[PDB]
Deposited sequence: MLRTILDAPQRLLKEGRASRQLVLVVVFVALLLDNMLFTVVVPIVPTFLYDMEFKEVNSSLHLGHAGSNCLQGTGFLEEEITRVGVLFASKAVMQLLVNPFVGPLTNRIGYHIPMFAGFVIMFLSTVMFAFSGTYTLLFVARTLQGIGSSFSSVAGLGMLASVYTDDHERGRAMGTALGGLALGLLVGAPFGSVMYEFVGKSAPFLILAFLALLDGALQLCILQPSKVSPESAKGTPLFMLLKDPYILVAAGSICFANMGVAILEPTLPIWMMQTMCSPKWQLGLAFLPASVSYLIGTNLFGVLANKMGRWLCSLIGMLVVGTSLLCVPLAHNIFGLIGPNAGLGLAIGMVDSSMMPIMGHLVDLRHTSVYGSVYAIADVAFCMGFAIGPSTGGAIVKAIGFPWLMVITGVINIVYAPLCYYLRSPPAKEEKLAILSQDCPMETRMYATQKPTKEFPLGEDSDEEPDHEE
């Protein structure tokens, strides 16, 4: 038993969860196309079902999140964290062996439940082990940065491994990685609830801005590979690689603007990020080849990095100024924004792409971001 082991376990758990999220982007549409049969343009019939499939994780996470915390209070943190590995292993095995649309729905729902349990239990365990109030910041920083490395090699790893080795390869590799995390875990050893924190407009504005800045990438996942196969005729292994700018630019932007945003005001960073997101989403559906997406996607990643680096300290300051704040207060509010975005984006986006064209959806999202952008002026100098 040691303090570093819990850090390594939480690191591997969050990495596996985000990797399993991001590796299902270029495999589900390709798998659904290959079973039926560049190719044909029948994917518009199934775009609604593919959109509804991606929202299952967000909906299940939003449902099961309120019940986790009292459960961790009652029976501790180690037992609920172990359930996350079991559910993630079951989901990753069912993904590899699934052949029909029904099983992938169950896989996504199970992944949502396991992700919620693993995240809450791991953060609680890290808070419990470290009790110095200054090393806790470094530990939380490393654990949350584990999401970035997990995000970076997740999306262009299923696409590359799909066309060369097989469809059961990446899921089996993730399963073997998840099994190693459980082996390490075996050798181990209050104020202002969330519904009151969403009753003041200063926090609702920030949460909505985070959600609307992340919806641009939330609704770009299920609809971009189908668009690529329909119009640009790219090979099946470049669909994942078309998302690499959205990760690398996001990491660069979050580093630079976490360093630099305090000098020029956080609200200005948020406003410029939302405007850049809107312009990039507008410029996305004009490309006629794969190389035309290296610019708009990079801008989208940079702008989302701007918003996500300038908004979290604002929420922390707002919670400290007017309420009683704990270690996980900012995390809970941010999680609802991401989950709400991933649950509302794809489900409506599929219906919009069926009813009207794909470019109109991007235009709508860009207009929404631009219109919401002026409202960040409220966040300066809160009382």
* **Deposited sequence positions missing from the model - stretches, numbered from 1, in order** => 1 to 17, 55 to 71, 224 to 233, 428 to 470
